[PDB]
Student: 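Sending over a structure as structure tokens; questions will come in a sec.
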Amino acid sequence: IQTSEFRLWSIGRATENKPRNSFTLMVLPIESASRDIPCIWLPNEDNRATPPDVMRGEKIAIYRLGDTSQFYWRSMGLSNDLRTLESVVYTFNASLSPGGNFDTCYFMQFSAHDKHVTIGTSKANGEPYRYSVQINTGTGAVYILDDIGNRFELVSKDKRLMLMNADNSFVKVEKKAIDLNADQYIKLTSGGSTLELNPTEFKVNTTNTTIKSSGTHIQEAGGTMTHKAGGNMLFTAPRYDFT
Amino acid sequence: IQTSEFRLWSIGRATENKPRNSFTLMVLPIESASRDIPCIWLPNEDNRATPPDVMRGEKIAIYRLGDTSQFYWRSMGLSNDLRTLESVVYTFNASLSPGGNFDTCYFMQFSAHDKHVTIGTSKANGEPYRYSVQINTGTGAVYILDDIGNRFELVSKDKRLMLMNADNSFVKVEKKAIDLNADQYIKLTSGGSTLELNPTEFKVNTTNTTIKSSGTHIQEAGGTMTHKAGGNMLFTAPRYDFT
Amino acid sequence: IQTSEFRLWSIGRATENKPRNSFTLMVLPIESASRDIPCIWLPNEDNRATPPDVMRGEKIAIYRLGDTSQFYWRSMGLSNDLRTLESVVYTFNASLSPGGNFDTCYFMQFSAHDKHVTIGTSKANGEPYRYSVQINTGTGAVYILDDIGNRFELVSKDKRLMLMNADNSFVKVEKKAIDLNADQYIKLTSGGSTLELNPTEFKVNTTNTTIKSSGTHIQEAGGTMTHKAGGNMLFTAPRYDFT
Ligand SMILES: [Cl-]
Ligand SMILES: [Cl-]
Ligand SMILES: [Cl-]
Ligand SMILES: [Cl-]
Ligand SMILES: [Cl-]
Ligand SMILES: [Cl-]
Ligand SMILES: [Cl-]
Ligand SMILES: [Cl-]
Ligand SMILES: [Cl-]
Ligand SMILES: [Cl-]
Ligand SMILES: [Cl-]
Ligand SMILES: [Cl-]
Ligand SMILES: [Cl-]
Ligand SMILES: [Cl-]
Ligand SMILES: [Cl-]
Ligand code: NA
Ligand code: NA
Ligand code: NA
Ligand code: NA
Ligand code: NA
Ligand code: NA
Ligand code: NA
């Protein structure tokens, strides 16, 4: 019966917490047939760039190639209740040349250590822009952004939701205030009616205009001021004063 | 040739649909060497909290530790066309103490049963806020929100997209209407020109103001009304009436 | 010692780049005990619909059922540095009937080949709407949309962020301009003050109105124009002209 020389050699227990940036795991074999074995990571799945953040005492499957010193460790997924901080990166390469820092792959990263969840893309295959969808749990924010300045923003400590583009035009909802900003113009359109604000003008073009102030009304011009009516012009007040 | 006592014992077939909240699976061994075996879940991958939603008749790999009664079941991924409703939770623990309801982990959940896709974070390691990015397929919505009231919203039955913060400031795009609301002020800025609306004021500060009405123009003040011009003030109408 | 007839038969090397839409992989066994073997995909994990985009020379585990011609290939995850373009689809079925094009499942897809990252849902189990959260790296955009016209948009080449609903109401932030559009009305609310624009009206209802123009002020009506003040009406200018 032909069987590969590469086989499950012994069930084991991790003797140490795997260091975050390490692929080696010290494992103690616990089957009756120093005492630790330095094992190389054997992934449970493809497209996972980081080994599991194995804690001391987790059940580990130790694989061995024949009688050689090539030992491998595979997480068995039976000791999840031991996990503390976990950071996992799933990578999907996006370059014609192989080899590879996330510069040549699309990825999704859950990092408790660095306190973010991020989906990011790369510019290694003709893509014009890079993107990131990030939940930043450290500062407290959700971002949707490219690499040229366009950004959706939810920032919790400032109670801010914002639509911001690369030209500093934005719609900002921060606390009890809303701020719109645009260097060329801001225009409201409803049917045939328009209201525009631009660096030199405030323009309204509509059918009927009604400006009601329960208190005072003030309109002041540094230059000339014109009132024009195709129909009758009406003034109603207890008295009229011309300075 | 040393080999672990823990080995693939027999290929089998699931005899029942696995109940959603169960880790045990009844499996019938189908290799010639009651008839069902209660098996414990053996995961194919780490960071998966839920066993596959195995349907009756799926090919199952039955593992066994030596001659003991410890039987384990592993989905082989060769019977995907039998799947009906699936709910899968990937968890990434985010607490210094181990052990663990999603209160101590970042996670991503695809649930056909509960009709949502959700990416959520936890507040178990000093994070100031929790977050959720949810596609709610039951009610019909996409949400981006924290746990204090800041929210992006796409709600389909109401044709609503909204930016809403914890102070009830919002930019609402619902059906054929747009509503902006902010308790302190709403300000539009374009260059040196500003338009502000606040609880007691409507203020415009610009260079040139043009208000054209194809129909009627009405401005009414409960108190005083002042017209001021540094240059000539012009009135043009077929007739003028002072009440 | 009972062991399944289905076992790891030999470690091997992929002889060819797996074609994107293929489940078969030509593998050369490299254990001493034509020369290629057509193997069927054996997944490393459940809920993965696409086999890994295996490149020539990757280490492959060849499984075999007994002495039969049923050979299977499993990616070992030890040759990731050979990956070039990768497209991976994780599927989560969402239909009461089994069987299945993404029409009956929720899914998440990372595709370097087609240049997008997409989370999508289906309408096979009573869901009223389908959804997609897509990073389109080809055109350069992030979309959040349903299947009836509601859409959040980040489009990089146009420097556009937009909230757009099925009735063509939108808040558009494009380059140096902001455009709001709504067929019924656009209303700003701050406390008791309101500013509304609708197809026939421009309405302001506030306490105090101040319209300051450093240059000229023009208000023109095709019909009548009325000025009403409950208090004194004041005119201040170097001279007044009635046409
Ligand atoms: Cl290492
Ligand atoms: Cl793994
Ligand atoms: Cl080697
Ligand atoms: Cl990379
Ligand atoms: Cl501001
Ligand atoms: Cl159970
Ligand atoms: Cl599994
Ligand atoms: Cl046990
Ligand atoms: Cl938890
Ligand atoms: Cl409202
Ligand atoms: Cl095929
Ligand atoms: Cl796989
Ligand atoms: Cl078969
Ligand atoms: Cl499908
Ligand atoms: Cl427009
Ligand atoms: Na890690
Ligand atoms: Na301000
Ligand atoms: Na696996
Ligand atoms: Na489930
Ligand atoms: Na309303
Ligand atoms: Na592929
Ligand atoms: Na325009």
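Note on naming: letters A, B, ... go to the chains in the order of the sequence lines (proteins, then strands), and numbering restarts at 1 for each one. These numbers come from the heavy atoms of this one structure, side chains and all, not from hydrogens, waters or symmetry mates.
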Student: Just do the side chain to side chain contact (heavy atoms under 4.5 Å, CB included) check on B/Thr91 and A/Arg83 with the steps written out, would you?
Tutor: CA-CA 10 Å; B/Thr91 57; A/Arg83 291 295 159 82; over 6 Å; no
Student: Answer with side chain, backbone, both or neither: which region of B/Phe107 has an atom nearer than 4.5 Å to a non-hydrogen atom of chain A?
Tutor: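 Contact with chain A: backbone only.
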Student: Is the closest side-chain donor-acceptor distance between B/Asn232 and A/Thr224 under 3.5 Å?
Tutor: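 Result is no, nothing qualifies.
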Student: What part of B/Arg130 gets within 4.5 angstrom of chain A, counting heavy atoms only: side chain, backbone, both, or neither?
Tutor: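 The answer is neither part of B/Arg130.
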Student: Under a 3.5 Å cutoff, is there a donor and acceptor pairing between the side chains of B/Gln2 and A/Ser10?
Tutor: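 No - no donor-acceptor pair under 3.5 Å links their side chains.
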Student: What's the spacing between B/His217 NE2 and A/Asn208 CG if we round to 0.5 Å?
Tutor: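 If I round to the nearest 0.5 Å, the distance is 11.0 Å.
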Student: Any idea how B/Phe92 and A/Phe110 line up, ring-wise: parallel (<30°), tilted (30 to 60°), or perpendicular (>60°)?
Tutor: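 Rings of B/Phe92 and A/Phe110: parallel, under 30°.
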Student: Non-hydrogen atoms of chain A under 4.5 Å away: do they reach the side chain of B/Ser169, the backbone, both or neither?
Tutor: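 Both the backbone and the side chain of B/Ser169 come within 4.5 Å of chain A.
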Student: Just say parallel, tilted or perpendicular for the rings of B/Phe235 and A/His227, cut-offs at 30° and 60°.
Tutor: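 Plane angle under 30°, so parallel.
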Student: In Å and rounded to the nearest 0.5 Å, what is the OG1 to CZ distance from B/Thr3 to A/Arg64?
Tutor: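 Nearest 0.5 Å value for the OG1-CZ distance: 11.0 Å.
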Student: Pull out the residues in residues 236-243 of chain B that come under 4.5 Å of chain A, heavy atom to heavy atom, sorted by number.
Tutor: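 Listed by number: B/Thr236, B/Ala237, B/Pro238, B/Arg239, B/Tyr240, B/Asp241, B/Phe242, B/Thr243.
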Student: Give, as side chain, backbone, both or neither, the part of A/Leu234 having an atom under 4.5 angstrom from any heavy atom of chain B.
Tutor: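 A/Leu234 touches chain B through backbone and side-chain heavy atoms alike.
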Student: Hey, which residues of residues 171-181 of chain B are touching chain A, say heavy atoms under 4.5 Å apart?
Tutor: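 Against chain A, the residues of residues 171-181 of chain B that fall inside the cut-off (heavy atoms, under 4.5 Å) are B/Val171, B/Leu180, B/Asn181.
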Student: Where do B/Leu96 and A/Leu85 land on the side chain to side chain contact (heavy atoms under 4.5 Å, CB included) test, with the steps shown first?
Tutor: CA-CA 6 Å; B/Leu96 287 172; A/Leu85 299 183; 3.8 Å; yes
